[PDB]
Amino acid sequence: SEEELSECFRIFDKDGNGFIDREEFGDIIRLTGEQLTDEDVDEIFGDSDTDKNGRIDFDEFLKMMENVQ
């Protein structure tokens, strides 16, 4: 799964910063077909933001994709 999530990660990283941004995560939610509100998405983002840096790392991305349908 992680090998496929590596491809998805590169797809989802539109900025190409080496991580998933909050706005990029909002897109991910849509792209995964998950029904969240503007607030709910930010809540889940913060939940997956273990480092509390305002970003989702690759390692945390692999966790997020398992936690997020």
# chains A, B, ... in the order shown; residues from 1 in each chain; ligands from 1

call {"tool": "residues_around", "arguments": {"residues": "segment 45-56 of chain A", "least_positions_apart": "2", "cutoff": "7 Å", "atoms": "only C-alpha atoms", "output": "PyMOL selection string"}}
result
chain A and resi 19-22+41-43+58+60-61+64

call {"tool": "closest_residue", "arguments": {"among": "A:57, A:38, A:66, A:27", "to": "residue 14 of chain A", "atoms": "only C-alpha atoms"}}
result
A:27

call {"tool": "residues_around", "arguments": {"residues": "residue 65 of chain A", "least_positions_apart": "4", "cutoff": "10 Å", "atoms": "only C-alpha atoms", "output": "list in words"}}
result
residues 1, 2, 5, 8, 9, 28, 29, 32, 48, 60, 61 and 69 of chain A

call {"tool": "closest_residue", "arguments": {"among": "A:44, A:23, A:37, A:62", "to": "residue 7 of chain A", "atoms": "only C-alpha atoms"}}
result
A:62

call {"tool": "closest_residue", "arguments": {"among": "A:39, A:6, A:63, A:68", "to": "residue 18 of chain A", "atoms": "only C-alpha atoms"}}
result
A:6

call {"tool": "decode", "arguments": {"residues": "chain A", "atoms": "C-alpha atoms", "output": "tab-separated table (two decimals), in the first residue's frame"}}
result
chain	number	residue	atom	x	y	z
A	1	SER	CA	0.00	0.00	0.00
A	2	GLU	CA	2.81	2.39	0.93
A	3	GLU	CA	4.30	2.01	-2.55
A	4	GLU	CA	1.01	3.24	-4.02
A	5	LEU	CA	0.75	5.97	-1.39
A	6	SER	CA	4.16	7.16	-2.56
A	7	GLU	CA	2.63	7.80	-5.98
A	8	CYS	CA	-0.44	9.43	-4.44
A	9	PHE	CA	1.81	11.58	-2.25
A	10	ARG	CA	3.59	12.94	-5.32
A	11	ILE	CA	0.21	13.56	-6.96
A	12	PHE	CA	-1.17	15.33	-3.90
A	13	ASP	CA	1.92	17.48	-3.39
A	14	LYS	CA	0.89	20.07	-5.97
A	15	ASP	CA	3.32	22.67	-4.63
A	16	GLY	CA	6.17	20.15	-4.70
A	17	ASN	CA	7.40	21.12	-1.24
A	18	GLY	CA	8.03	17.55	-0.09
A	19	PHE	CA	4.96	17.50	2.16
A	20	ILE	CA	1.18	17.87	2.20
A	21	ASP	CA	-0.16	21.36	2.91
A	22	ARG	CA	-3.47	22.16	4.59
A	23	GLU	CA	-5.01	23.34	1.32
A	24	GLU	CA	-3.54	20.33	-0.48
A	25	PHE	CA	-5.04	18.11	2.22
A	26	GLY	CA	-8.44	19.69	1.55
A	27	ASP	CA	-8.01	18.46	-2.02
A	28	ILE	CA	-7.01	15.00	-0.80
A	29	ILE	CA	-10.28	14.72	1.13
A	30	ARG	CA	-12.15	15.37	-2.11
A	31	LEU	CA	-9.87	13.06	-4.08
A	32	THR	CA	-10.45	10.21	-1.63
A	33	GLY	CA	-14.21	10.79	-1.79
A	34	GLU	CA	-14.50	11.65	1.90
A	35	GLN	CA	-17.42	13.84	2.99
A	36	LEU	CA	-16.02	16.43	5.39
A	37	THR	CA	-16.89	20.07	6.02
A	38	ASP	CA	-14.44	22.97	5.81
A	39	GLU	CA	-14.04	22.70	9.59
A	40	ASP	CA	-13.94	18.91	9.75
A	41	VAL	CA	-11.12	18.80	7.20
A	42	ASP	CA	-9.04	21.23	9.27
A	43	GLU	CA	-9.75	19.16	12.38
A	44	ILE	CA	-8.56	15.94	10.74
A	45	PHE	CA	-5.55	17.81	9.36
A	46	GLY	CA	-4.59	18.95	12.86
A	47	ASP	CA	-5.16	15.41	14.12
A	48	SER	CA	-2.73	14.04	11.53
A	49	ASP	CA	-0.37	16.94	12.22
A	50	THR	CA	1.58	15.07	14.89
A	51	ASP	CA	4.51	17.48	14.73
A	52	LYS	CA	2.11	20.42	15.02
A	53	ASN	CA	4.02	22.25	12.29
A	54	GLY	CA	0.98	23.07	10.15
A	55	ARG	CA	1.94	20.35	7.67
A	56	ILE	CA	1.72	16.62	7.01
A	57	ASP	CA	5.02	14.81	6.43
A	58	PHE	CA	5.50	11.76	4.21
A	59	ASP	CA	5.70	9.45	7.22
A	60	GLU	CA	2.60	11.07	8.69
A	61	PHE	CA	0.96	10.94	5.26
A	62	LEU	CA	1.24	7.15	5.22
A	63	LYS	CA	-0.51	7.18	8.59
A	64	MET	CA	-3.14	9.67	7.42
A	65	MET	CA	-4.06	7.65	4.34
A	66	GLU	CA	-4.78	4.70	6.64
A	67	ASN	CA	-6.74	6.85	9.08
A	68	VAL	CA	-8.63	8.65	6.31
A	69	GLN	CA	-10.91	6.72	3.96
